[PDB]
file run07.pdb (PDB, N, CA and C atoms)
MODEL        1
ATOM      1  N   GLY A   1       0.798  -1.214   0.000
ATOM      2  CA  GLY A   1       0.000   0.000   0.000
ATOM      3  C   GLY A   1       0.833   1.267   0.000
ATOM      4  N   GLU A   2       1.917   1.282   0.784
ATOM      5  CA  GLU A   2       2.776   2.465   0.783
ATOM      6  C   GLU A   2       3.502   2.633  -0.542
ATOM      7  N   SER A   3       3.989   1.538  -1.130
ATOM      8  CA  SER A   3       4.679   1.675  -2.403
ATOM      9  C   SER A   3       3.722   2.054  -3.513
ATOM     10  N   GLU A   4       2.458   1.654  -3.417
ATOM     11  CA  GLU A   4       1.492   2.090  -4.414
ATOM     12  C   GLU A   4       1.205   3.582  -4.307
ATOM     13  N   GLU A   5       1.085   4.103  -3.081
ATOM     14  CA  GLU A   5       0.859   5.541  -2.925
ATOM     15  C   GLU A   5       2.055   6.357  -3.398
ATOM     16  N   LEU A   6       3.263   5.876  -3.122
ATOM     17  CA  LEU A   6       4.441   6.616  -3.548
ATOM     18  C   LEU A   6       4.626   6.549  -5.062
ATOM     19  N   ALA A   7       4.203   5.446  -5.685
ATOM     20  CA  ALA A   7       4.196   5.354  -7.139
ATOM     21  C   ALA A   7       3.278   6.384  -7.760
ATOM     22  N   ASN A   8       2.063   6.513  -7.221
ATOM     23  CA  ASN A   8       1.136   7.517  -7.737
ATOM     24  C   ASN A   8       1.675   8.924  -7.564
ATOM     25  N   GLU A   9       2.387   9.164  -6.463
ATOM     26  CA  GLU A   9       2.925  10.494  -6.217
ATOM     27  C   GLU A   9       4.018  10.860  -7.215
ATOM     28  N   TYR A  10       4.935   9.939  -7.497
ATOM     29  CA  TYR A  10       5.963  10.272  -8.478
ATOM     30  C   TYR A  10       5.477  10.287  -9.915
ATOM     31  N   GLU A  11       4.448   9.523 -10.274
ATOM     32  CA  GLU A  11       3.991   9.657 -11.653
ATOM     33  C   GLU A  11       3.236  10.963 -11.856
ATOM     34  N   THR A  12       2.521  11.433 -10.822
ATOM     35  CA  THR A  12       1.938  12.772 -10.863
ATOM     36  C   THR A  12       3.013  13.836 -10.999
ATOM     37  N   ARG A  13       4.118  13.655 -10.281
ATOM     38  CA  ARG A  13       5.209  14.618 -10.304
ATOM     39  C   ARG A  13       5.869  14.696 -11.675
ATOM     40  N   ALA A  14       6.054  13.550 -12.334
ATOM     41  CA  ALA A  14       6.644  13.547 -13.672
ATOM     42  C   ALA A  14       5.754  14.233 -14.691
ATOM     43  N   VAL A  15       4.447  13.954 -14.650
ATOM     44  CA  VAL A  15       3.520  14.595 -15.583
ATOM     45  C   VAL A  15       3.510  16.105 -15.386
ATOM     46  N   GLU A  16       3.414  16.549 -14.134
ATOM     47  CA  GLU A  16       3.335  17.977 -13.862
ATOM     48  C   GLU A  16       4.627  18.709 -14.148
ATOM     49  N   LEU A  17       5.770  18.045 -14.065
ATOM     50  CA  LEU A  17       6.976  18.775 -14.411
ATOM     51  C   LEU A  17       7.138  18.856 -15.914
ATOM     52  N   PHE A  18       6.757  17.800 -16.634
ATOM     53  CA  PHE A  18       6.962  17.859 -18.070
ATOM     54  C   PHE A  18       5.977  18.799 -18.743
ATOM     55  N   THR A  19       4.780  18.984 -18.186
ATOM     56  CA  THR A  19       3.893  19.956 -18.816
ATOM     57  C   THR A  19       4.396  21.387 -18.642
ATOM     58  N   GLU A  20       5.118  21.674 -17.557
ATOM     59  CA  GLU A  20       5.770  22.968 -17.402
ATOM     60  C   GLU A  20       6.902  23.134 -18.397
ATOM     61  N   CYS A  21       7.749  22.105 -18.514
ATOM     62  CA  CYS A  21       8.844  22.148 -19.475
ATOM     63  C   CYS A  21       8.359  22.276 -20.906
ATOM     64  N   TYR A  22       7.204  21.711 -21.238
ATOM     65  CA  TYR A  22       6.728  21.846 -22.604
ATOM     66  C   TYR A  22       6.069  23.187 -22.820
ATOM     67  N   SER A  23       5.363  23.690 -21.813
ATOM     68  CA  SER A  23       4.705  24.978 -21.922
ATOM     69  C   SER A  23       5.678  26.134 -22.015
ATOM     70  N   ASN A  24       6.875  26.029 -21.446
ATOM     71  CA  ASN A  24       7.832  27.123 -21.565
ATOM     72  C   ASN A  24       8.612  27.067 -22.871
ATOM     73  N   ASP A  25       8.855  25.873 -23.398
ATOM     74  CA  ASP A  25       9.555  25.722 -24.667
ATOM     75  C   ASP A  25       9.169  24.382 -25.265
ATOM     76  N   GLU A  26       9.002  24.324 -26.585
ATOM     77  CA  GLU A  26       8.612  23.060 -27.196
ATOM     78  C   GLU A  26       9.816  22.255 -27.647
ATOM     79  N   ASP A  27      10.786  22.915 -28.267
ATOM     80  CA  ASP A  27      11.878  22.195 -28.897
ATOM     81  C   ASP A  27      12.769  21.524 -27.868
ATOM     82  N   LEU A  28      13.054  22.195 -26.762
ATOM     83  CA  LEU A  28      13.903  21.565 -25.768
ATOM     84  C   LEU A  28      13.163  20.500 -24.968
ATOM     85  N   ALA A  29      11.843  20.598 -24.841
ATOM     86  CA  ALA A  29      11.118  19.508 -24.200
ATOM     87  C   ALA A  29      11.105  18.270 -25.085
ATOM     88  N   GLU A  30      11.016  18.465 -26.400
ATOM     89  CA  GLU A  30      11.189  17.337 -27.300
ATOM     90  C   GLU A  30      12.626  16.843 -27.331
ATOM     91  N   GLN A  31      13.590  17.676 -26.937
ATOM     92  CA  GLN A  31      14.926  17.149 -26.687
ATOM     93  C   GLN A  31      14.930  16.254 -25.462
ATOM     94  N   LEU A  32      14.170  16.633 -24.431
ATOM     95  CA  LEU A  32      14.143  15.854 -23.191
ATOM     96  C   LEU A  32      13.504  14.491 -23.366
ATOM     97  N   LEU A  33      12.470  14.392 -24.200
ATOM     98  CA  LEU A  33      11.736  13.129 -24.329
ATOM     99  C   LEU A  33      12.550  11.962 -24.855
ATOM    100  N   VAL A  34      13.709  12.187 -25.454
ATOM    101  CA  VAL A  34      14.346  11.131 -26.217
ATOM    102  C   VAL A  34      15.708  10.747 -25.664
ATOM    103  N   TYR A  35      16.077  11.236 -24.489
ATOM    104  CA  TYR A  35      17.448  11.067 -24.031
ATOM    105  C   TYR A  35      17.558   9.928 -23.035
ATOM    106  N   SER A  36      18.761   9.368 -22.933
ATOM    107  CA  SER A  36      18.945   8.084 -22.278
ATOM    108  C   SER A  36      19.718   8.148 -20.964
ATOM    109  N   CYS A  37      20.107   9.349 -20.514
ATOM    110  CA  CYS A  37      20.703   9.627 -19.188
ATOM    111  C   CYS A  37      22.058   8.940 -18.994
ATOM    112  N   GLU A  38      22.658   8.509 -20.110
ATOM    113  CA  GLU A  38      23.863   7.682 -20.146
ATOM    114  C   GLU A  38      23.691   6.456 -19.249
ATOM    115  N   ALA A  39      22.651   5.674 -19.564
ATOM    116  CA  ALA A  39      22.193   4.484 -18.837
ATOM    117  C   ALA A  39      21.770   4.817 -17.403
ATOM    118  N   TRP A  40      20.647   5.537 -17.305
ATOM    119  CA  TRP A  40      19.895   5.570 -16.050
ATOM    120  C   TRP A  40      19.520   4.161 -15.636
ATOM    121  N   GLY A  41      18.616   3.555 -16.400
ATOM    122  CA  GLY A  41      18.298   2.148 -16.346
ATOM    123  C   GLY A  41      18.578   1.567 -17.711
ATOM    124  N   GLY A  42      19.270   2.346 -18.536
ATOM    125  CA  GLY A  42      19.541   1.953 -19.900
ATOM    126  C   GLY A  42      18.368   2.139 -20.823
ATOM    127  N   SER A  43      17.607   3.212 -20.656
ATOM    128  CA  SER A  43      16.380   3.377 -21.414
ATOM    129  C   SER A  43      16.088   4.862 -21.534
ATOM    130  N   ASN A  44      14.856   5.181 -21.892
ATOM    131  CA  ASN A  44      14.448   6.501 -22.328
ATOM    132  C   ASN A  44      13.260   6.948 -21.495
ATOM    133  N   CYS A  45      13.020   8.258 -21.485
ATOM    134  CA  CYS A  45      11.905   8.820 -20.732
ATOM    135  C   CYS A  45      10.575   8.321 -21.274
ATOM    136  N   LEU A  46      10.460   8.277 -22.592
ATOM    137  CA  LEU A  46       9.231   7.836 -23.228
ATOM    138  C   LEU A  46       9.058   6.331 -23.090
ATOM    139  N   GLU A  47      10.165   5.590 -23.147
ATOM    140  CA  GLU A  47      10.115   4.143 -22.991
ATOM    141  C   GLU A  47       9.738   3.742 -21.574
ATOM    142  N   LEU A  48      10.250   4.453 -20.569
ATOM    143  CA  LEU A  48       9.846   4.163 -19.199
ATOM    144  C   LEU A  48       8.417   4.576 -18.945
ATOM    145  N   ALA A  49       7.930   5.592 -19.647
ATOM    146  CA  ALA A  49       6.513   5.899 -19.539
ATOM    147  C   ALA A  49       5.656   4.800 -20.140
ATOM    148  N   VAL A  50       6.131   4.166 -21.208
ATOM    149  CA  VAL A  50       5.347   3.117 -21.848
ATOM    150  C   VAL A  50       5.362   1.846 -21.018
ATOM    151  N   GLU A  51       6.543   1.422 -20.576
ATOM    152  CA  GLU A  51       6.680   0.117 -19.944
ATOM    153  C   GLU A  51       6.032   0.037 -18.576
TER     154      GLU A  51
ATOM    155  N   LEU B   1     -11.736  51.961 -31.354
ATOM    156  CA  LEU B   1     -11.549  51.180 -30.139
ATOM    157  C   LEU B   1     -11.725  49.701 -30.402
ATOM    158  N   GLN B   2     -12.597  49.347 -31.338
ATOM    159  CA  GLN B   2     -12.755  47.949 -31.706
ATOM    160  C   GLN B   2     -11.529  47.444 -32.448
ATOM    161  N   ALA B   3     -10.857  48.322 -33.190
ATOM    162  CA  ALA B   3      -9.620  47.928 -33.853
ATOM    163  C   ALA B   3      -8.506  47.692 -32.850
ATOM    164  N   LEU B   4      -8.405  48.547 -31.836
ATOM    165  CA  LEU B   4      -7.387  48.312 -30.824
ATOM    166  C   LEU B   4      -7.747  47.123 -29.951
ATOM    167  N   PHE B   5      -9.034  46.842 -29.809
ATOM    168  CA  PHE B   5      -9.456  45.645 -29.106
ATOM    169  C   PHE B   5      -9.094  44.390 -29.883
ATOM    170  N   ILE B   6      -9.185  44.437 -31.212
ATOM    171  CA  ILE B   6      -8.715  43.329 -32.043
ATOM    172  C   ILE B   6      -7.210  43.150 -31.905
ATOM    173  N   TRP B   7      -6.474  44.269 -31.898
ATOM    174  CA  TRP B   7      -5.027  44.253 -31.686
ATOM    175  C   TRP B   7      -4.664  43.546 -30.397
ATOM    176  N   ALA B   8      -5.249  43.979 -29.290
ATOM    177  CA  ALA B   8      -4.925  43.382 -28.006
ATOM    178  C   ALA B   8      -5.479  41.977 -27.876
ATOM    179  N   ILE B   9      -6.516  41.635 -28.627
ATOM    180  CA  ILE B   9      -7.152  40.351 -28.393
ATOM    181  C   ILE B   9      -6.479  39.238 -29.177
ATOM    182  N   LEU B  10      -5.893  39.594 -30.314
ATOM    183  CA  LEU B  10      -5.117  38.670 -31.132
ATOM    184  C   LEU B  10      -3.795  38.250 -30.472
ATOM    185  N   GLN B  11      -3.143  39.209 -29.814
ATOM    186  CA  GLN B  11      -1.835  39.025 -29.214
ATOM    187  C   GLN B  11      -1.903  38.144 -27.985
ATOM    188  N   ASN B  12      -3.108  37.744 -27.581
ATOM    189  CA  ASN B  12      -3.403  37.091 -26.306
ATOM    190  C   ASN B  12      -2.857  37.898 -25.136
ATOM    191  N   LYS B  13      -3.422  39.084 -24.939
ATOM    192  CA  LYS B  13      -2.924  39.916 -23.856
ATOM    193  C   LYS B  13      -3.746  39.772 -22.587
ATOM    194  N   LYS B  14      -5.042  39.503 -22.710
ATOM    195  CA  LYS B  14      -5.896  38.922 -21.672
ATOM    196  C   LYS B  14      -6.197  39.869 -20.509
ATOM    197  N   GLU B  15      -5.475  40.976 -20.395
ATOM    198  CA  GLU B  15      -5.755  41.961 -19.360
ATOM    199  C   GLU B  15      -5.781  43.376 -19.869
ATOM    200  N   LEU B  16      -5.069  43.692 -20.938
ATOM    201  CA  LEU B  16      -5.327  44.923 -21.656
ATOM    202  C   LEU B  16      -6.657  44.840 -22.383
ATOM    203  N   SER B  17      -7.067  43.618 -22.724
ATOM    204  CA  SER B  17      -8.304  43.398 -23.451
ATOM    205  C   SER B  17      -9.514  43.777 -22.625
ATOM    206  N   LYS B  18      -9.512  43.460 -21.335
ATOM    207  CA  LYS B  18     -10.677  43.767 -20.517
ATOM    208  C   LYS B  18     -10.766  45.252 -20.232
ATOM    209  N   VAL B  19      -9.617  45.891 -20.037
ATOM    210  CA  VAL B  19      -9.560  47.324 -19.805
ATOM    211  C   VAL B  19     -10.079  48.072 -21.012
ATOM    212  N   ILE B  20      -9.758  47.592 -22.205
ATOM    213  CA  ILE B  20     -10.284  48.294 -23.361
ATOM    214  C   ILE B  20     -11.695  47.815 -23.707
ATOM    215  N   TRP B  21     -12.094  46.634 -23.237
ATOM    216  CA  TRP B  21     -13.457  46.177 -23.446
ATOM    217  C   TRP B  21     -14.447  47.023 -22.678
ATOM    218  N   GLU B  22     -14.094  47.420 -21.459
ATOM    219  CA  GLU B  22     -14.971  48.254 -20.645
ATOM    220  C   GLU B  22     -15.212  49.633 -21.233
ATOM    221  N   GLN B  23     -14.367  50.095 -22.140
ATOM    222  CA  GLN B  23     -14.531  51.401 -22.743
ATOM    223  C   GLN B  23     -15.391  51.366 -23.991
ATOM    224  N   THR B  24     -15.710  50.182 -24.490
ATOM    225  CA  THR B  24     -16.323  50.019 -25.791
ATOM    226  C   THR B  24     -17.818  50.319 -25.696
ATOM    227  N   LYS B  25     -18.427  50.688 -26.824
ATOM    228  CA  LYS B  25     -19.870  50.921 -26.871
ATOM    229  C   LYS B  25     -20.653  49.643 -27.152
ATOM    230  N   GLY B  26     -20.348  48.980 -28.257
ATOM    231  CA  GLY B  26     -20.989  47.728 -28.587
ATOM    232  C   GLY B  26     -20.367  46.600 -27.807
ATOM    233  N   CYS B  27     -20.750  46.473 -26.542
ATOM    234  CA  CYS B  27     -20.045  45.599 -25.618
ATOM    235  C   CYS B  27     -20.258  44.127 -25.921
ATOM    236  N   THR B  28     -21.510  43.699 -26.070
ATOM    237  CA  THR B  28     -21.771  42.289 -26.312
ATOM    238  C   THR B  28     -21.362  41.876 -27.716
ATOM    239  N   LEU B  29     -21.441  42.785 -28.690
ATOM    240  CA  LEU B  29     -20.903  42.449 -30.002
ATOM    241  C   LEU B  29     -19.405  42.282 -29.945
ATOM    242  N   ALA B  30     -18.734  43.090 -29.131
ATOM    243  CA  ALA B  30     -17.297  42.942 -28.984
ATOM    244  C   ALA B  30     -16.955  41.615 -28.344
ATOM    245  N   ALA B  31     -17.724  41.209 -27.338
ATOM    246  CA  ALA B  31     -17.426  39.952 -26.666
ATOM    247  C   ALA B  31     -17.698  38.758 -27.569
ATOM    248  N   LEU B  32     -18.739  38.832 -28.396
ATOM    249  CA  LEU B  32     -19.025  37.714 -29.286
ATOM    250  C   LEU B  32     -18.048  37.650 -30.451
ATOM    251  N   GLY B  33     -17.645  38.798 -30.990
ATOM    252  CA  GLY B  33     -16.677  38.773 -32.067
ATOM    253  C   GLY B  33     -15.307  38.330 -31.607
ATOM    254  N   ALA B  34     -14.930  38.707 -30.389
ATOM    255  CA  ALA B  34     -13.661  38.243 -29.859
ATOM    256  C   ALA B  34     -13.702  36.760 -29.561
ATOM    257  N   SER B  35     -14.841  36.264 -29.074
ATOM    258  CA  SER B  35     -14.986  34.833 -28.853
ATOM    259  C   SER B  35     -14.867  34.054 -30.150
ATOM    260  N   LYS B  36     -15.415  34.587 -31.240
ATOM    261  CA  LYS B  36     -15.336  33.877 -32.514
ATOM    262  C   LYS B  36     -13.917  33.870 -33.080
ATOM    263  N   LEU B  37     -13.225  35.017 -33.037
ATOM    264  CA  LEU B  37     -11.830  35.059 -33.485
ATOM    265  C   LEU B  37     -10.934  34.126 -32.695
ATOM    266  N   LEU B  38     -11.097  34.091 -31.384
ATOM    267  CA  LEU B  38     -10.212  33.246 -30.609
ATOM    268  C   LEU B  38     -10.556  31.773 -30.753
ATOM    269  N   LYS B  39     -11.833  31.429 -30.950
ATOM    270  CA  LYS B  39     -12.156  30.038 -31.239
ATOM    271  C   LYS B  39     -11.650  29.612 -32.603
ATOM    272  N   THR B  40     -11.477  30.549 -33.533
ATOM    273  CA  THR B  40     -10.814  30.157 -34.768
ATOM    274  C   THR B  40      -9.328  29.942 -34.565
ATOM    275  N   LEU B  41      -8.642  30.916 -33.965
ATOM    276  CA  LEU B  41      -7.195  30.813 -33.805
ATOM    277  C   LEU B  41      -6.764  29.734 -32.829
ATOM    278  N   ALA B  42      -7.677  29.168 -32.047
ATOM    279  CA  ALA B  42      -7.341  28.002 -31.246
ATOM    280  C   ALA B  42      -7.257  26.715 -32.052
ATOM    281  N   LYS B  43      -7.564  26.741 -33.344
ATOM    282  CA  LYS B  43      -7.511  25.544 -34.164
ATOM    283  C   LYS B  43      -6.228  25.420 -34.960
ATOM    284  N   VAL B  44      -5.378  26.442 -34.950
ATOM    285  CA  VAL B  44      -4.122  26.377 -35.676
ATOM    286  C   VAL B  44      -3.189  25.420 -34.957
ATOM    287  N   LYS B  45      -2.662  24.443 -35.691
ATOM    288  CA  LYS B  45      -2.070  23.283 -35.043
ATOM    289  C   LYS B  45      -0.661  23.521 -34.530
ATOM    290  N   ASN B  46       0.160  24.315 -35.206
ATOM    291  CA  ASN B  46       1.482  24.550 -34.644
ATOM    292  C   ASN B  46       1.395  25.551 -33.500
ATOM    293  N   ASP B  47       2.354  25.451 -32.573
ATOM    294  CA  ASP B  47       2.431  26.254 -31.349
ATOM    295  C   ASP B  47       1.155  26.096 -30.517
ATOM    296  N   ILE B  48       0.983  24.888 -29.976
ATOM    297  CA  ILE B  48      -0.238  24.569 -29.249
ATOM    298  C   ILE B  48      -0.370  25.321 -27.930
ATOM    299  N   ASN B  49       0.689  25.977 -27.444
ATOM    300  CA  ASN B  49       0.550  26.800 -26.246
ATOM    301  C   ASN B  49      -0.287  28.036 -26.532
ATOM    302  N   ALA B  50      -0.022  28.694 -27.666
ATOM    303  CA  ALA B  50      -0.830  29.829 -28.095
ATOM    304  C   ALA B  50      -2.260  29.414 -28.381
ATOM    305  N   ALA B  51      -2.445  28.200 -28.894
ATOM    306  CA  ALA B  51      -3.776  27.634 -29.040
ATOM    307  C   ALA B  51      -4.461  27.482 -27.693
TER     308      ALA B  51
ENDMDL
END
call {"tool": "encode", "arguments": {"input": "run07.pdb", "output": "structure tokens"}}
result
Amino acid sequence: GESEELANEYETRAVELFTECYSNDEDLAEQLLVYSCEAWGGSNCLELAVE
Amino acid sequence: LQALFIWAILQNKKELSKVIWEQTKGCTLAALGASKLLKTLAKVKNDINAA
């Protein structure tokens, strides 16, 4: 139950930060969507949103 | 005054528009014409923030 609540909190946080980043600039937010963090988990922001 | 209201209303100024709206004679015609212009310009697909 605690890990489910904390999961909901961080997915809300990711959505709300990216809508700010897109609203202030479009091109650099589309730069953000495709980057791999030099192997964070070895994946992408959009791919982790999908999986 | 309706021309300057079109000027301020196109630019999405949102607060100069009300100040100049209060000075206008044809008030409800101004509000309906501005509503129609902005509902058109909200359909332009590039730069969705301005939309």
call {"tool": "residues_around", "arguments": {"input": "run07.pdb", "residues": "segment 30-35 of chain B", "least_positions_apart": "5", "cutoff": "8 Å", "atoms": "only N, CA and C atoms", "output": "MDAnalysis selection string"}}
result
chainID B and resid 2 5:6 9:10 21 24:25 40:41
call {"tool": "interface_residues", "arguments": {"input": "run07.pdb", "of": "chain A", "to": "chain B", "cutoff": "8 Å", "atoms": "only N, CA and C atoms", "output": "compact mmCIF listing (two decimals) with N, CA and C atoms, keeping the file's coordinate frame"}}
result
# COMPACT_ATOMS: atom_id res chain seq x y z
N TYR A 22 7.20 21.71 -21.24
CA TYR A 22 6.73 21.85 -22.60
C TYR A 22 6.07 23.19 -22.82
N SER A 23 5.36 23.69 -21.81
CA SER A 23 4.70 24.98 -21.92
C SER A 23 5.68 26.13 -22.02
N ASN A 24 6.88 26.03 -21.45
CA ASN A 24 7.83 27.12 -21.56
C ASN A 24 8.61 27.07 -22.87
call {"tool": "atom_distance", "arguments": {"input": "run07.pdb", "atom1": "atom CA of residue 14 of chain B", "atom2": "atom CA of residue 38 of chain B"}}
result
11.4 Å
call {"tool": "select_by_dssp", "arguments": {"input": "run07.pdb", "residues": "chain A", "states": "alpha helix (DSSP H)", "output": "JSON list (two decimals) with N, CA and C atoms, keeping the file's coordinate frame"}}
result
[["chain", "number", "residue", "atom", "x", "y", "z"],
["A", 2, "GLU", "N", 1.92, 1.28, 0.78],
["A", 2, "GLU", "CA", 2.78, 2.46, 0.78],
["A", 2, "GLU", "C", 3.50, 2.63, -0.54],
["A", 3, "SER", "N", 3.99, 1.54, -1.13],
["A", 3, "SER", "CA", 4.68, 1.68, -2.40],
["A", 3, "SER", "C", 3.72, 2.05, -3.51],
["A", 4, "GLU", "N", 2.46, 1.65, -3.42],
["A", 4, "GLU", "CA", 1.49, 2.09, -4.41],
["A", 4, "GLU", "C", 1.20, 3.58, -4.31],
["A", 5, "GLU", "N", 1.08, 4.10, -3.08],
["A", 5, "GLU", "CA", 0.86, 5.54, -2.92],
["A", 5, "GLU", "C", 2.06, 6.36, -3.40],
["A", 6, "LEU", "N", 3.26, 5.88, -3.12],
["A", 6, "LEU", "CA", 4.44, 6.62, -3.55],
["A", 6, "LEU", "C", 4.63, 6.55, -5.06],
["A", 7, "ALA", "N", 4.20, 5.45, -5.68],
["A", 7, "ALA", "CA", 4.20, 5.35, -7.14],
["A", 7, "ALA", "C", 3.28, 6.38, -7.76],
["A", 8, "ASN", "N", 2.06, 6.51, -7.22],
["A", 8, "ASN", "CA", 1.14, 7.52, -7.74],
["A", 8, "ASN", "C", 1.68, 8.92, -7.56],
["A", 9, "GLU", "N", 2.39, 9.16, -6.46],
["A", 9, "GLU", "CA", 2.92, 10.49, -6.22],
["A", 9, "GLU", "C", 4.02, 10.86, -7.22],
["A", 10, "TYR", "N", 4.93, 9.94, -7.50],
["A", 10, "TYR", "CA", 5.96, 10.27, -8.48],
["A", 10, "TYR", "C", 5.48, 10.29, -9.91],
["A", 11, "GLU", "N", 4.45, 9.52, -10.27],
["A", 11, "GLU", "CA", 3.99, 9.66, -11.65],
["A", 11, "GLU", "C", 3.24, 10.96, -11.86],
["A", 12, "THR", "N", 2.52, 11.43, -10.82],
["A", 12, "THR", "CA", 1.94, 12.77, -10.86],
["A", 12, "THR", "C", 3.01, 13.84, -11.00],
["A", 13, "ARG", "N", 4.12, 13.66, -10.28],
["A", 13, "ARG", "CA", 5.21, 14.62, -10.30],
["A", 13, "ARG", "C", 5.87, 14.70, -11.68],
["A", 14, "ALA", "N", 6.05, 13.55, -12.33],
["A", 14, "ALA", "CA", 6.64, 13.55, -13.67],
["A", 14, "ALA", "C", 5.75, 14.23, -14.69],
["A", 15, "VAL", "N", 4.45, 13.95, -14.65],
["A", 15, "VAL", "CA", 3.52, 14.60, -15.58],
["A", 15, "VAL", "C", 3.51, 16.10, -15.39],
["A", 16, "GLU", "N", 3.41, 16.55, -14.13],
["A", 16, "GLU", "CA", 3.34, 17.98, -13.86],
["A", 16, "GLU", "C", 4.63, 18.71, -14.15],
["A", 17, "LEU", "N", 5.77, 18.05, -14.06],
["A", 17, "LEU", "CA", 6.98, 18.77, -14.41],
["A", 17, "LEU", "C", 7.14, 18.86, -15.91],
["A", 18, "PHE", "N", 6.76, 17.80, -16.63],
["A", 18, "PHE", "CA", 6.96, 17.86, -18.07],
["A", 18, "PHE", "C", 5.98, 18.80, -18.74],
["A", 19, "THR", "N", 4.78, 18.98, -18.19],
["A", 19, "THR", "CA", 3.89, 19.96, -18.82],
["A", 19, "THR", "C", 4.40, 21.39, -18.64],
["A", 20, "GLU", "N", 5.12, 21.67, -17.56],
["A", 20, "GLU", "CA", 5.77, 22.97, -17.40],
["A", 20, "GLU", "C", 6.90, 23.13, -18.40],
["A", 21, "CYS", "N", 7.75, 22.10, -18.51],
["A", 21, "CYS", "CA", 8.84, 22.15, -19.48],
["A", 21, "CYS", "C", 8.36, 22.28, -20.91],
["A", 22, "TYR", "N", 7.20, 21.71, -21.24],
["A", 22, "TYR", "CA", 6.73, 21.85, -22.60],
["A", 22, "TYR", "C", 6.07, 23.19, -22.82],
["A", 23, "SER", "N", 5.36, 23.69, -21.81],
["A", 23, "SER", "CA", 4.70, 24.98, -21.92],
["A", 23, "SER", "C", 5.68, 26.13, -22.02],
["A", 24, "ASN", "N", 6.88, 26.03, -21.45],
["A", 24, "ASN", "CA", 7.83, 27.12, -21.56],
["A", 24, "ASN", "C", 8.61, 27.07, -22.87],
["A", 27, "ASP", "N", 10.79, 22.92, -28.27],
["A", 27, "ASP", "CA", 11.88, 22.20, -28.90],
["A", 27, "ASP", "C", 12.77, 21.52, -27.87],
["A", 28, "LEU", "N", 13.05, 22.20, -26.76],
["A", 28, "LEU", "CA", 13.90, 21.56, -25.77],
["A", 28, "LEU", "C", 13.16, 20.50, -24.97],
["A", 29, "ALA", "N", 11.84, 20.60, -24.84],
["A", 29, "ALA", "CA", 11.12, 19.51, -24.20],
["A", 29, "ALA", "C", 11.10, 18.27, -25.08],
["A", 30, "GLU", "N", 11.02, 18.46, -26.40],
["A", 30, "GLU", "CA", 11.19, 17.34, -27.30],
["A", 30, "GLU", "C", 12.63, 16.84, -27.33],
["A", 31, "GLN", "N", 13.59, 17.68, -26.94],
["A", 31, "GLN", "CA", 14.93, 17.15, -26.69],
["A", 31, "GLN", "C", 14.93, 16.25, -25.46],
["A", 32, "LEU", "N", 14.17, 16.63, -24.43],
["A", 32, "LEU", "CA", 14.14, 15.85, -23.19],
["A", 32, "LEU", "C", 13.50, 14.49, -23.37],
["A", 45, "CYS", "N", 13.02, 8.26, -21.48],
["A", 45, "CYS", "CA", 11.90, 8.82, -20.73],
["A", 45, "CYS", "C", 10.58, 8.32, -21.27],
["A", 46, "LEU", "N", 10.46, 8.28, -22.59],
["A", 46, "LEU", "CA", 9.23, 7.84, -23.23],
["A", 46, "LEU", "C", 9.06, 6.33, -23.09],
["A", 47, "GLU", "N", 10.16, 5.59, -23.15],
["A", 47, "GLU", "CA", 10.12, 4.14, -22.99],
["A", 47, "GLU", "C", 9.74, 3.74, -21.57],
["A", 48, "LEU", "N", 10.25, 4.45, -20.57],
["A", 48, "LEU", "CA", 9.85, 4.16, -19.20],
["A", 48, "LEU", "C", 8.42, 4.58, -18.94],
["A", 49, "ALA", "N", 7.93, 5.59, -19.65],
["A", 49, "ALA", "CA", 6.51, 5.90, -19.54],
["A", 49, "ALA", "C", 5.66, 4.80, -20.14],
["A", 50, "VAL", "N", 6.13, 4.17, -21.21],
["A", 50, "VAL", "CA", 5.35, 3.12, -21.85],
["A", 50, "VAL", "C", 5.36, 1.85, -21.02]]
call {"tool": "residues_around", "arguments": {"input": "run07.pdb", "residues": "residue 32 of chain A", "least_positions_apart": "5", "cutoff": "7 Å", "atoms": "all atoms listed in the file", "output": "list in words"}}
result
residues 27, 45 and 46 of chain A
call {"tool": "atom_distance", "arguments": {"input": "run07.pdb", "atom1": "atom C of residue 8 of chain B", "atom2": "atom CA of residue 45 of chain B"}}
result
20.3 Å
call {"tool": "atom_distance", "arguments": {"input": "run07.pdb", "atom1": "atom C of residue 1 of chain A", "atom2": "atom C of residue 19 of chain A"}}
result
27.7 Å
call {"tool": "resolve_selection", "arguments": {"input": "run07.pdb", "expression": "the PyMOL selection byres ((chain A and resi 34) around 8)", "output": "ChimeraX atom specification"}}
result
/A:29-33,35-37,43-47
call {"tool": "axis_aligned_box", "arguments": {"input": "run07.pdb", "around": "segment 36-42 of chain A", "padding_each_side": "3 Å", "output": "lines of an AutoDock Vina configuration file"}}
result
center_x = 21.1
center_y = 5.6
center_z = -19.3
size_x = 11.6
size_y = 14.1
size_z = 13.3
